[PDB]
């Protein structure tokens, strides 16, 4: 179960619960203030009191600790842990309080896109943020607009400074890698086909995420693996032959081709809605085709070929940045 807490209640004599920020499958996240940071507001993740979620949070904390000792002064746009503790079996982590995540704001705007300069700056942050993560033997395994926070989402949102949050899935290079790892919508072909994954996973997701920013809607609105693959093929091109010879999950294929009932409800859905990636472009200017060229390289089927965030940052699309955007 959860925790015995209403508003005004105190934790460890530092925080007072002023209200709820959200609640999920892991526990609560509440808004607070601090005695010793004096007046200071924080989001306070509070993991439930069950064995498995506890041991899990611990691993997460280890991640946030590592993030907090490389990012010397904090130029890398990761959510900052300000404190953690074991408040009676419920692991608790104090994060610095931020705005709404890039998806709420998109929902509140009735799912209509951020303009290109908005995207371009968010992409820039995202690449930069995760490249920092990747050069420290990490993979966030759960990127998705819900997990990217605006520092402040005053509204067009006034300031496109963002943060990456919820490292509850971040995995180190030594650690055991689970077979399946992303959010269905942001999950790369190598994971669907169970070919092992690592950092490139993140880049695939990031592509999906930038698509969603630019158009307002999820790129792979799907629920089953087979459909998901078919969407991939229609939008990005045929799945590279060596990836099919190399896959255990052959149920999805026949004679090196995807098995698909085009007349099924998902078949018809795909035919009506899924189009080549180029054709989802709004305008044909340069700063648009550049963005899409980036996205396509981010959505390379083959994770050994897929561009890296270190390479992504050397892209002519980012040329369109404000020098105050630049840092």
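Numbering follows the first chain given and starts at 1.
Student: Going by the record, give me the number of deposited-sequence residues missing between residue 254 and residue 255 as none, 1 to 3, 4 to 9, or 10 or more.
Tutor: Unresolved stretch here: none.
Student: Please compare 120 to 128 with 191 to 199 and name the stretch with the higher mean C-alpha B-factor in the deposited structure.
Tutor: Result of the comparison: 120 to 128.
Student: Given the B-factors recorded for C-alpha atoms, which segment has the greater mean, 108 to 116 or 233 to 241?
Tutor: On average, C-alpha B-factors are higher across 108 to 116.
Student: Pick out which of 175, 212, 154, 224 has the highest C-alpha B-factor in the PDB entry.
Tutor: Comparing C-alpha B-factors across 175, 212, 154, 224, the top value belongs to 154.
Student: So if I compare the CA B-factors in the entry for 278, 54, 268, 68, which one is the largest?
Tutor: So the option with the highest C-alpha B-factor is 54.
Student: Please rank the C-alpha B-factors of the chain's modelled residues and tell me whether residue 185 sits in the lowest, middle or highest third.
Tutor: Ranked within chain, residue 185 CA B lands in the lowest tercile.
Student: Sort the modelled residues of this chain by their C-alpha B factor and say whether residue 59 lands in the lowest, middle or highest third.
Tutor: According to the entry, residue 59 has a C-alpha B-factor in the chain's middle third.
Student: State the tercile, meaning the lowest, middle or highest third, of residue 101 with respect to the CA B-factors recorded for its chain.
Tutor: It falls in the middle third of the chain.
Student: If you rank every modelled residue in this chain by C-alpha B factor, which third holds residue 76: lowest, middle or highest?
Tutor: Its C-alpha B-factor belongs to the highest third of this chain's values.
Student: Ranking the modelled residues of this chain by C-alpha B-factor as given in the entry, is residue 85 in the lowest, middle or highest third?
Tutor: Its C-alpha B-factor, which the entry lists for residue 85, ranks in the highest third among residues of this chain.
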